[PDB]
Every structure is written in C-alpha cells, then in structure tokens.
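Colleague: Quick one: the structure is below, and I'll ask about it shortly.
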Amino acid sequence: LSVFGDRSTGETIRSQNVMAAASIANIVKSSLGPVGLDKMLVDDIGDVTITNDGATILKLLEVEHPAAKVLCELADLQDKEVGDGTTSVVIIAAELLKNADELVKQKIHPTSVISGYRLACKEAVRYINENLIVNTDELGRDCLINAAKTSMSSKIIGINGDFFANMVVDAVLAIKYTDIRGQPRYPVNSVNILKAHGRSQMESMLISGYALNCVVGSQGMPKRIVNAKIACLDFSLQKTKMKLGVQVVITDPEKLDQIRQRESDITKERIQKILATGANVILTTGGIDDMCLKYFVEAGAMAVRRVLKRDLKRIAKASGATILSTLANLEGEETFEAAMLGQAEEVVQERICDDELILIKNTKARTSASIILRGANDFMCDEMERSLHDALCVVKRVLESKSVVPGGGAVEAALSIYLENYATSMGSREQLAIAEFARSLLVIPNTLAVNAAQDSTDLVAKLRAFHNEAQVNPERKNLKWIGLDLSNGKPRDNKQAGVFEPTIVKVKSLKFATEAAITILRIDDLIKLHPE
Amino acid sequence: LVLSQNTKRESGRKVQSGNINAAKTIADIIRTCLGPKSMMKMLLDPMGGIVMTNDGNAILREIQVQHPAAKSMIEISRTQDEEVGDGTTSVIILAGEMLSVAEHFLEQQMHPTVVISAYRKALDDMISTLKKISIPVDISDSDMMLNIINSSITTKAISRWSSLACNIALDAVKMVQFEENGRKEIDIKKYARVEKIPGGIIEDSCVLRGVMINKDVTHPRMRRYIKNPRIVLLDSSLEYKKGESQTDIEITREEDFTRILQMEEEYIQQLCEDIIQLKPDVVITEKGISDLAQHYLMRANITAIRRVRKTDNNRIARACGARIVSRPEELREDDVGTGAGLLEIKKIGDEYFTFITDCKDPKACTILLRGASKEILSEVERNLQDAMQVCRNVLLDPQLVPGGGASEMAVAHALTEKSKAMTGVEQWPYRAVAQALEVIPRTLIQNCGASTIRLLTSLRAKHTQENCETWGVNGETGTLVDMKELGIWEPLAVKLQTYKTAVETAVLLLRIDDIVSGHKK
Amino acid sequence: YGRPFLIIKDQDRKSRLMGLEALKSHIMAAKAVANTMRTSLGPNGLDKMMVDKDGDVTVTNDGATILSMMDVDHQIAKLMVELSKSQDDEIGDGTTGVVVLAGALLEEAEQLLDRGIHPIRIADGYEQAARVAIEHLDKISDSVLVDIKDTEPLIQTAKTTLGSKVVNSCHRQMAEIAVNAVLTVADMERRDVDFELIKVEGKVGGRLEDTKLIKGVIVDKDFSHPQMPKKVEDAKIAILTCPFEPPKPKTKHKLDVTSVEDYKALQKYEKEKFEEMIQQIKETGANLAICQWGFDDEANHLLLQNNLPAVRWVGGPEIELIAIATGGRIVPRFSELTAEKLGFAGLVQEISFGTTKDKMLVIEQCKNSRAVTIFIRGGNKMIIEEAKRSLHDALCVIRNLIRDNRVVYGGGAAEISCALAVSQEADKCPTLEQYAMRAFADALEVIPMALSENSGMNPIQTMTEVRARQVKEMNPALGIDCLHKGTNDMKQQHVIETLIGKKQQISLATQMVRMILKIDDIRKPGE
C-alpha cells in the first residue's frame, strides 16, 4: 500500500511490457535492409530531422515507459559498438521478447526460458564462428567495398555507394595507425567530415589531409600557403593580464607608459620569437588579438583563432607538429623550437557554399583524411554523415576483425534450423524457448520482405529450405550455401553478390539482445510513484 | 500512455501523398513567377516593412511553414540561391513536378528506391548530355557577358535598366580578382558593397571606382576634397585607453595629478607625430577619436574619420591597396593610402558621404544605388546580387547553354533515346523524368499566354530533329525560336546545380515514409 | 501497434481487481462484517443502534434488521445483508450469528489461500463438511415430537429465544404470550401457520409487563359516535362493507330530476332508505355493527338512536380478523345479511389506554378464534419496535418447531460435537480435502468463542474444557455457562434450539461461501 501510485503485477504488466516493446519495433520496422525507408521527426518547432538509423531516432524520441528506454538505452550502446544493426538489433530483442512472453503467456517459467535463452546465445556464436568466412584471402579493398556498400544500402547514399565506399575505403586506409605495438588500430572519428550543402555527392570530395571548419583571422592576412611551415599553439594571444590578482599601484607615474608599453610587447616578442622560427601558419583554440593579426600580416603569416581542440590534436598528429599550450623551456625562458612545427604541402581556405573553409593538404608526417559533403539541404547532409559516420565504423571493425559475415540475413537463416535441431539436444522443457528463439529470430527476412513488399513466407520458406538443404548431405562444399535478395525478390548467393556484414555486428547484437531479453523477461510487477 | 504522450505519428501512402501535396503546393505558389513575362510579388514581413521581389528564394525565405518537407524545400531554395542566384526562379518549380509525376508511380506499388535508382541514372545522363551541348566562350569579350548578363537579368524589373546594370555588373566584377592566388585568383562578393541612397534615378545610380562612407568629417578644417590623398587605416582607437590590468594610482605630492594628466596628453601627442612622420593625409579608425589628437591632426592638415564598420575598412584597405594598422608606432610606409584618385565628402541631401575613387588598380569598390525607395532599391540590388553572381560563375566556367527549355527538350529526347534503349521496369520512371522536364517551358507559355499544348508539341516536334538544338521559345511572342539569334544564353553550372539540386530533393523526399512530432527537447 | 484504444466507455474509471488480491480483499471486507456482528450474539451479547437517513434511529439485536438498516457500498457485503434477510424470514434468530459463521470460515479460508490452495477444492470440502455436520447433527438431535402437548418445551424454547433480546426483562411472560398465541392459531393438521392470523399490536406507554396478548382483536378505532356506550356485554356483531349512505352504482350514473314530486320522493326516499337499513340491521338482531367505509352523520345518530354501536373506517385485514375471530361473515348488503352471518364474541370494550390520548377498542372474544392479537405496552417507541420484532421472531421458531418437532440444546454444544465429529472424519479424509476438513472445523469453532468472549470469560480455556468433557463424555449437551451457572448440562439448563435453525443456518452459509470462494474478478465502475 503505497501513496502516489498503485502497482501492476503478473500478466497485466507482463502483457503491458510486450506492448511497449512491440510498439518500439513498430516504431522502426520500416527502416531496415537495402530497401529501408528513412524516418523523420518534426521536433516541436520545425527543426526536423530525417534519419533512418534508430539509435539517433531512439535517442531523439521522448520515452516514458521504462523498458522502452532500455531498448532505447540498448541501441545506443550498439551505436557505441557498431553503427548499424540499428537497422536490426532492437527489432531482434523485442521479437525475442515477443515469443518468449508467449510461452510465459501460458505458464512457462521465465527463468526456465532464460537458461535456454542463455543457451541460445552461446550456441549460436559458437556455430557462427563455425560459419564465419575470413576476408584476408579476399582482396582487401573488394570486401571493404562490399561491406561498406552493403552498409550503404538502406541509406540515402546506397545508389552512389560505389563512388562512396571507394571514397570510404581510401579514407579509412589512409587513416592507418599503429597501436599498442601489436595492433595496427584505426581510430574512429579521426577522419574529419564537414557538411557543405550545395553540389551533389558526386561532387562531394575526400580530403587527402585535413580541412577546417575555420576561416582566416585577418582579411589582410594571406589565404593560401604552398609551404609546410605550420605551427599550432593552444596559448591564446591577448595583451596579457596580471592573471591572478596582481594589483598595480603607482607612486611614480613616469613608468605607466613603459608598463603600458610592455603589456603588448610581451605578446609582441612572443610573436616575433614564434616568427623568428619561420612558422607561417599558426592555429589557436584560444583567442587571437588584432595586434598579432597586424604583425602576422606584417609577417605575412597565417593565423587561426577559436579552433576546436580535437582537430588541432589531429592536426599535430598528422603534420607532426607539437601541441603547445604555451612557450617555456626546461629552463625558465619561454623559447620555441622549429622541431615543434608540423608539415603539409599546402594550406588554403576555400569558399564552399559561399563559405570559406580552411584546408590542409598532404601532411608529410602522418596521412590525414577528411571528407567534404555536398548536398541539397542541411537535412540531407547531416543525416548522410551519420551513415558516413557509421560507414567507417564497420570498416574499422572489418579492419579490426579480419573476418566477415555475408549480408542479407543468411545468419539467422542458418541459425534457425541449427538450433531447432539443437533444441532437441537439450530434452528439457527449455528447447521450446529455443524453438521460439529461433522462431522469433526469423523476424529479419520478414521485416525485409514487407518493406520490399513480397510474399515473405514463400521467400522465407525458400530460405528455410535452402538452408535446411544446406543441412543435409554433409558434402556441403557443393551443398553449403548462403544468400538472399529483395531487389529481385528471390534468394541468391550474397556471397556472390558481395552482400557482406561484419561479424561482430551480429555477434554483439545477439549478446546484447540476450541481456535485455534476460532483463525484461524477469520483471513481473511495476510500481509507480507520482511526483512530489 | 506509452510512447511520447502527445506526439503524433503518421505512416505510408498518406504520408507520401502529404509530402507530394505539400510539395505540389510549394511550386504552384511560384509557378507564375518566372520568365521575361514573369510576375513580381510583394510581401508582408513580420516586422512592418514591405518587400517586393521576383526572386522566389526571398519569397520563400519569408515563408513560415509547419509541413516539414515544405520547410525542407525552403532551405533547398536558399542553398542554390546562395549557390547561383537565379534559376531559383525555376529551381523549386522543377522539383515539385518531378515529384508530381514521381508519385504517379507510387500507386503502381513500385518501390521508390528503384525509382530513385533511375533518378540517379537519369542525372548522369543529364549531366553528360549538357556538357555535350554546352558552349565554351571567351571571357575577355565584354559585350558577350553583357548579353549573358542581360539574358540573366531579362527576368527582373531592371530589364529596362539592362544596359546600365550590364555595364554596372560587368565593371564591378571585372575589377575583382585577388591575384595573390597565382593564376588561381578568386573574386569575392563580400567586397563589392552595394549602397542604396534615396532620391535620384536608376540612371543616376552608377559604379564608383572605390568606396563610400556614410559619415562626415570629424572637424571642419579638414578638406572635404583632395586630389591625391594619403591614407592610414587605424584599427586601434586614437585615444587613451584604460590600463587593461586594473591598475591603480596613489599620488603623494601635489603636481603628480596634473602631471599624470599631461602624460596621457603626451601619450596622445606621442601617437600623432608617428603618424605625421609618414606624411599621410587621411586618418581612419573603426573606433572613436581623441579630439585632442584630432586637434593635432587638424594641426597636421590631416583628415580623420572615426567609428567605421570593419567590413568597409578592409574594403577601404582593399580600395587603396594599403593595409590596416592598429599600431601607430609600427606604422609602415607600405600601407600609405597611395592609389586614391580622389578624396571627397559630398552631400546627398541631409547626409555627408565620403568619396574615394579613381584608384590606380582598385580591386574593391562599392556600387551606389540611386533609385526610388530602398525597398525598390532593395529589389534592385537583389537583381544585382544575382546579376553579379552568375558573372563570377562565368568567370569560373567559359561554358554556356541555351536555357529557356531548349536544352531541356534536348535533354528529354536524349533520355528518350536512352529510355527505349533501357528496357526494364525503371524505363517508365526514366521517361517520366524526361516528360517531367517539359513543364518549365510550359510555364513560359502560361507566363506568355499562348497555346501551351500546341506550342510545346510543336516545340517537342521541332526538337525531335537532330540538326537543331537551339530551338527555344521567345518569352514575349511565345513562339518557337532558335536561341542563337535570340541570345538568351546561360552558364553551364547554373543549369547544372539546377538539375543537381533538383534530384537530391526527390530522393530525399522519396525516402520519407513516416511522421513524428513533439520532440520537446 | 502500441497506442491507446477504447474497449469500454469510461475505461479510465473502470477499475478492476482480480484473483487472490481481490479474494483477500473480500475476505478483509468479510471480517469487518464478522467483527461487526460478533458482539451481537447471545444473552451476554450487546445490540446495535442504527440511524436512519431521514434522521431516525433504531436500536436492535436482530442482525437481519441491523444489516437491513445497514448501508454498505461493498457488493459482497450486500450479499451478506440479504443473506441474513434470507435466513431470518427462513427461520429467525440465529441470525444473531449467521454471518459470523460465514466470515470466520472465510477468514480461515484465506489461510488455505495463503497456502496457495485453490478455492474450488475449498468450495468442495466445506460442503462435504457441511453434509457431515448435518447427518451428525440430526443423529444427536433431540426431538419434541416425543413430547406430550408441548406446553413447556416451547416455553423453554421461547425462553431460550428471548434471552438474546432486551425484552428478557419479563420474557417468561412473553414466552407464555407467544406459546398461547401460536397454539391457538396453529394447524397441526397442516404443520403450518400464517402469521397474518397474528395481530401484533404495540402501543407505547405503561410498563413492559403491561404487554398483554389478547385472545381477540383490538381496534385502533374509537366509537363511530362519541355518545355510544364504551362497553358492550353481549356481542351480536354486524360486519359490513357497504357504507351507510345512499347506494350509488359505480357505472357512470346520474338522475335527471324534473318536477316537484320528483324532488320529494327522492327527498322522501332519502330518509326512507336510512330507516330501511336501520330496520334491516335491527331485524337481524345484532347488537353491534361495524363498517369498513363511511357513515352518514344522520343515520349514525339514528344508529345510535337504536343502541347499536358501530365502527366506521375499519381497515381491511382487521375486519376479517374480526370476522374469523367471531367466526362471522362479511356481507356487502343490508338485505342479504341474516343473523347467521352475525359475529359473536365474549366482550368488546374501547380502552382509553392513553392518559392524555384518544382511545383504542378491544374485542374480548370468548369462543374459539383462529386469529388473535397481542397488545404491547412499554416505555419507548423503539422499545416497542424491538419487542415487536423480537416477539415476531419468537413466533416463527415455534412455527418452525411446528414444522419439525426435533430440537437440540443450544448454547454452543451442538456444533461443538460436529467439528469433533467433523474432525474424526478428517483422519479418514484422505488428501487435501483433509486440510479442508480441519479448516472448516477450525472455522466452526468460533461461535462458542463468540459466546465466552461476550461472557467475558477466557473463550479458549472454556471451550478446551468444553470439548474435553464432550470428548471425555459422550453427552452432546454441554454448551457455555452463559449466565455463570456451574452446570454445562444445557439440557438441564434448558437452552435448546430447533434442529432446522442451525441445520438451515450452516447449510445456508455453506452455499454462500461457496459462491464467495467461487468469484475471482470484479470490474467496478468509478462513481
């Protein structure tokens, strides 16, 4: 007996949670597969957002029911883990919820359901590693093209994918990085993507270097530098304060002038000391004073203020510059060293969409990559980067994991039967959960087909048969196959079609759905509290 | 209560229809607004003023909407309008009808995605087609530009002022090329300042070899007229400024208070003689002016003006080529205002104006607009704004196209040649775009007021002939007219971005299948 | 998909409770009613006072009345309310505890539910336990069929039935009052008796002892004319319906007088008719007349003019009570009445019962009369009202006894043996109905505990001893020494009760609790 709220128990909330889950599935059931149709949200005041990726969609959507947030929470981790499967993953879990409850919906003991569900998760991944195909023998770029262009489907850019992934693969292959001395890790988000409404994506260009959402400090200052004399300095440039509390009290007036004189000369010589090196390009997250601007033009150099730290951090990495919060030395004096310079063939600010942005070309020290987006509106651009944002992610994982999975949903197509027979292995009551787990798992092709608008069961049954056929006559080198299409509305060899997906996508997915399903199923009662 | 508690949702054909309807609405409210025979529209602003302009973008720029794809289309306008200036006189209108036929296959239960694919396939064929039937041209030949300039403005009210504006546009652009990029110099439309002053006439409005300041002399004695002025651009203020580091003073003997008083005065004097040391004639600052400094500048026979916008300042710097300074002691003779053919300060009528023209090689200048009223002139500059715009684009590309629907028909049958060569389901979408293209000249006839069907059919029938590609329609006669003699000629990139933008809308819109409101965040 | 939808209007305010939580909820409600009633049982019990919506009050011990007056809102309570109403008009008191039997059973029933035990079996076993109870009960039942003319088994039974009521002040008399009343009006040839033959008449005033049954009928009417003499010795009685006025044929009828002589004859007839019936009754030889309807003031005096008192505006039922008690008839006509139809009685006399009031009329009939009235006097209106119901109820059980002349000494001995009789079966029960047995048996145990608690003694120290004696001895005649008499032989204590009373009682209770167990879900409309 609780104030400010009742409670619901048993079937009521049990059923209620299912409705919550299914709704969320129905929220996004139309945004998946090479035929996925993007979603869009009028926010509240017209700042709308078209997007097909659920994690963004889920993140941007207000939610009140708990478990829905869990799925809403769940997807973002996968977003923090994969990037797509947002096409799939949440749909998986609630369906895994859907049939699971149905067994419970009669009497079935949930923890009994969990164990096989636990068994379901471990069984599949083990067999999937028995169904994996490795890419190393395959040409690197090709499957990189494939999975990317596979990832390119269901996106705004799927038509232009060959241009895109080709751009993409070069982008990532140029952002090679040596990790722990035992890994060649490739850092996500390292490449810079800037949105520039206007020309077509055909005209969207990859930057073999770095480009800046920046502009020239001084209209008098030059605009294009064919040289590599490049300095960065976190230290901002203003006529210096006393900077803590250091009061100025005057009893001899005759010196305020020189006091006032030196207040800028400190900055001045620092500039000249910087300029004595011959660095012609300076960048500063901190503010830049016009006095420096004037000398810089008189130095003819290049100055940037107010730049985000991450980019210049990337900048130092590629050009080989040394990031400098200030000038100093291991001895008290503030000196500057040319060795701290970064190098790159040419740095220009250029006007795209009547807007001059600064570019950095071909840093000798470390390869840099940026991608310029050209599109119709801001709406098209910022969504298309998200895909492009996800686009690299899988490639990283593909680069991270020399291992691939064929696309077009063969996975569960294989999975469904293998556990179905394996269901018989247990002999408990649990395999019913397995059968439904596999039965529920069949969700994907159906989701694809309805969005592709064909007879799914017949397709799926055909899919079932071929995979079932793939589980007869163990001479499977001439009987084990994989593949399915929607564009022609018929199965194929996505292995031949190149429709491939990174393994870990499904891997973590089935795990993550398992946990959530484990979470949500165990509930039997909710208690609400009205606010104070 | 489940999902978001008062956030609506919509899905499917209703949604897609809604966008199409919203799309169809967007074009038609403008379909009359294009052509040498176009209309001209006047608008009610939120804030009391009045705007009249034919350029659709501003019209759409002043449009408040709730339907999202409509708001999407709005942004689409300004992007190309930013990008190219005109053709927005057609840009959106092209899009919607493309959509308008695009829906015609939805009830064909055809998945748009494949219909998208043809749209992608269509574009490259268009792009390739246009390049084939583009026309390179010289850039030094001024008169051709003016025709091109006039052609691009023979849609706006400055039609009667074409000759001036064509000169007005041509000269202004011609003198803008920042050559410090080697042979890759760039012009900028942010230095070609436009100045609207009431009174006078279109004919009175003219291009000035330099910049204008809407200010007056700080002191009478300074000449309002000089043959060969020498100029200093003082970014800094000309007067004493507080010690930035919150300094404080404790005097003990009597004289110091007055003494320190003289010291700032001396500091003022200190600055001036540095300036006079370089024998300037002109003192310029974006800041205020010490009258005491102003005293010595008056003593120096050196004219001073204060509190100027930075934007103009650099143009002033760009005008006389000299470079701005904030450090008087560090002033450099390299930044003398040499190259100012004349300094003058005139009276428009209740306002002093600063005349600095006849630079040796001015790269910057402002245009003085003299017309009927600012809103009239505001329309004028918008016609200028595009007028300068395509010209620079021409200076990016020497390739020209016969627009006016002639190229369009050329594209259309080219695709028709493709479509019958392109068997499959996508064929019908492909020919659809070709047929969709045809509406723009159709508009012209509606804008002209002739037999659209008969004209267009004869038009299409005319352009089935391979020998002739320049057959278009005269705006006023509404008759089939080959373009070469008519002279309505267009830069390639203009129509490029047109088609380029046009398709991007559709696919963007074509993917839309659901509605969600109430983000409350 | 997930979005709101309407199945029933006012779906917001359609609340719904299902299953065990609802089950216990009803049990919680049930116990309240039980705890409401526990105090109301037995000679040491204490009765309740109800307040009417129109501001009236009522103090009573008859739980049927208590609940009938009770305004609950919980639905199951109303089921209990009518339940008692069903029991009362079925038997009578025992209602003093009828519901108390149910809920304690329900209270413990939940204990089985707390053991997760499904109601259906719980419905099952208790009924079997119920059948067990009765066949044990009637086996050990005594009988008053074996009795001679039943003068004072009934007196004891009446004495028993009145010890629960505040009229116990002189209840011995009222015990006699009823038994005479019932025996007079009983049809032994039928084993039934209509309560209509009984005329309850209670007028406030005087002492309780002033309550007096009247072998006759009393009339809440005075004399038709004030000068008519208050007493009448002989009882040649006339019973009339046709009021003493010109007859008027109730079909639309009217005369159309025209001439003088037309006026006169009717004017002449007008009086002439009155003399006729005045002659008519006089020739009948009756001594007293009585009319249901009106009189004419004229013939009334003329009726007084011949020393033939009559009564006007007499209510229906009573007139026949007059008729049958007199053995008399009811004639609608003057002509058709003859002396044979005339009523006769021993005495009729109006009574100025009130010190300051108008009066009453009594008929002290002296022959045999299948109808009879009881006159109640006492100090308070509600006290009259309590007496009437108490008196009314005492009649029924004797009527109930008329139907079955086999009874058991009351005082809690009866059912006590049953649970023991029940319990002995519970060992040969087999399964879970085995739990069901002791449950109800344990459930049955409460009634004596109600007694001794109302007796203020240790309930359990009492019954535990009580069982063991009825365990050690085989005599099922040891109840509760309610009035603190060291003898548990309630048979000698004469606290007795009809077999049916308990027999119907618990049997009634079982079926109700069966339904009580039977329901799980409720959808209550929001008010």
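Every residue number used here counts from 1 along the chain in the order it is shown.
So this one's electron microscopy, 6.2 Å, going by the header.
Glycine is treated like the rest: Cβ placed from N, Cα and C.
So Swiss-Prot lists these for the protein:
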type: CROSSLNK; residues: C:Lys9; note: SUMO2 cross-link
type: MOD_RES; residues: C:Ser15; note: phosphoserine
type: BINDING; residues: C:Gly42, C:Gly94, C:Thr95, C:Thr96, C:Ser164, C:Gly411, C:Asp481, C:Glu497, C:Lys502; note: ADP binding site
type: BINDING; residues: C:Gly42, C:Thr95, C:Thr96, C:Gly411; note: ATP binding site
type: BINDING; residues: C:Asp93; note: Mg(2+) binding site
type: CROSSLNK; residues: C:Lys199; note: SUMO2 cross-link
type: CROSSLNK; residues: C:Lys203; note: SUMO2 cross-link
type: CROSSLNK; residues: C:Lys254; note: SUMO2 cross-link
type: CROSSLNK; residues: C:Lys264; note: SUMO2 cross-link
type: CROSSLNK; residues: C:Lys268; note: SUMO2 cross-link
type: MOD_RES; residues: C:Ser335; note: phosphoserine
type: CROSSLNK; residues: C:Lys381; note: SUMO2 cross-link
Colleague: Specify the nearest of the recorded positions C:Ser15, C:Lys264, C:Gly411 to C:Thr95 (ADP binding site), where nearness means the distance between Cα atoms.
Modeller: C:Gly411
Colleague: Neighbour count, 10 Å Cβ-Cβ cut-off, for the residue listed as 'Mg(2+) binding site': what number do you get?
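Modeller: Other Cβ atoms found within 10 Å: 27.
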Colleague: In whole Å, how far is C:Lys381 (SUMO2 cross-link) from C:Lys268 (SUMO2 cross-link) when you measure between their Cα atoms?
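Modeller: About 52 Å separate the Cα atoms of these two residues.
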Colleague: Ranked by the number of other Cβ atoms within 10 Å of their own Cβ, which of the recorded positions C:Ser15, C:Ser164 ranks first?
Modeller: C:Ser164
Colleague: Tell me, in order along the sequence, which recorded positions from C:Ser15, C:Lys203, C:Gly411 have their CA within 10 Å of C:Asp481 (ADP binding site).
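Modeller: The recorded positions close to C:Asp481 (ADP binding site) (Cα within 10 Å), listed in sequence order, are C:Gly411.
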Colleague: Taking the Cβ of C:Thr96 (ATP binding site) as the centre, how many other Cβ atoms fall within a 10 Å radius?
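Modeller: Within a 10 Å radius of the Cβ of C:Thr96 (ATP binding site) lie 25 other Cβ atoms.
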Colleague: Across the listed ADP-binding residues, C:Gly42, C:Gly94, C:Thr95, C:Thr96, C:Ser164, C:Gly411, C:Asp481, C:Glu497, C:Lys502, what is the farthest Cα to Cα distance, given in whole Å?
Modeller: 21
Colleague: Taking the recorded sites one at a time (C:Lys199, C:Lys264), which has its Cβ surrounded by the most other Cβ atoms within 10 Å?
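Modeller: Top count of Cβ atoms within 10 Å goes to C:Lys199.
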Colleague: Which of C:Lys268, C:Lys502 has the fewest nearby Cβ atoms, counting only those within 10 Å, among these recorded positions?
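Modeller: Comparing Cβ neighbours within 10 Å for the recorded positions C:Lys268, C:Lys502, C:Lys268 has the fewest.
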Colleague: Quick one: Cα separation, C:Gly42 (ADP binding site) versus C:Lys199 (SUMO2 cross-link), in Å?
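Modeller: About 28 Å separates the two Cα atoms.
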Colleague: Looking only at C:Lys9, C:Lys203, C:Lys254, C:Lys381, which of these recorded sites has the biggest number of Cβ atoms within 10 Å around its Cβ?
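Modeller: Ranked by Cβ atoms within 10 Å, first place goes to C:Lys203.
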Colleague: By CA distance, which of the recorded positions (C:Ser15, C:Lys199, C:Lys381, C:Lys502) lies nearest to C:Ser335 (phosphoserine)?
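Modeller: Checking each of C:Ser15, C:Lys199, C:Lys381, C:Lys502 against C:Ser335 (phosphoserine), the shortest Cα distance is to C:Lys199.
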Colleague: Determine the Cβ neighbour count for C:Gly42 (ADP binding site): the number of other Cβ atoms within 10 Å of its Cβ.
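Modeller: The answer is 26.
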Colleague: On a count of neighbouring CB atoms within 10 A, which of the recorded positions C:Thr95, C:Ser335, C:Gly411, C:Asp481 is highest?
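Modeller: Answer by Cβ density within 10 Å: C:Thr95.
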Colleague: Tell me, which recorded sites from C:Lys199, C:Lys254, C:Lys264 are within 10 Å of C:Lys381 (SUMO2 cross-link) if we use the C-alpha atoms?
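Modeller: The recorded sites passing the 10 Å Cα test: none.
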Colleague: Taking Cα atoms as reference points, which of the recorded positions C:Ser15, C:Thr96, C:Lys199, C:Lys203, C:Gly411 is nearest to C:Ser164 (ADP binding site)?
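Modeller: Looking at Cα distances from C:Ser164 (ADP binding site), the smallest one goes to C:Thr96.
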Colleague: Please name which of the binding-site residues listed here, C:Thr96, C:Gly411, C:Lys502, is nearest in space to C:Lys254 (SUMO2 cross-link), Cα against Cα.
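Modeller: Out of the listed candidates, the nearest Cα belongs to C:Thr96.
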Colleague: When the Cα-Cα distance from C:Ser15 (phosphoserine) is computed for each of the binding-site residues C:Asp93, C:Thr96, C:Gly411, C:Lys502, which gives the smallest value?
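Modeller: So, spelling it out, the nearest of the binding-site residues is C:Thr96.
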Colleague: How would DSSP class C:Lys381 (SUMO2 cross-link) in three states?
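Modeller: Helix, per DSSP.
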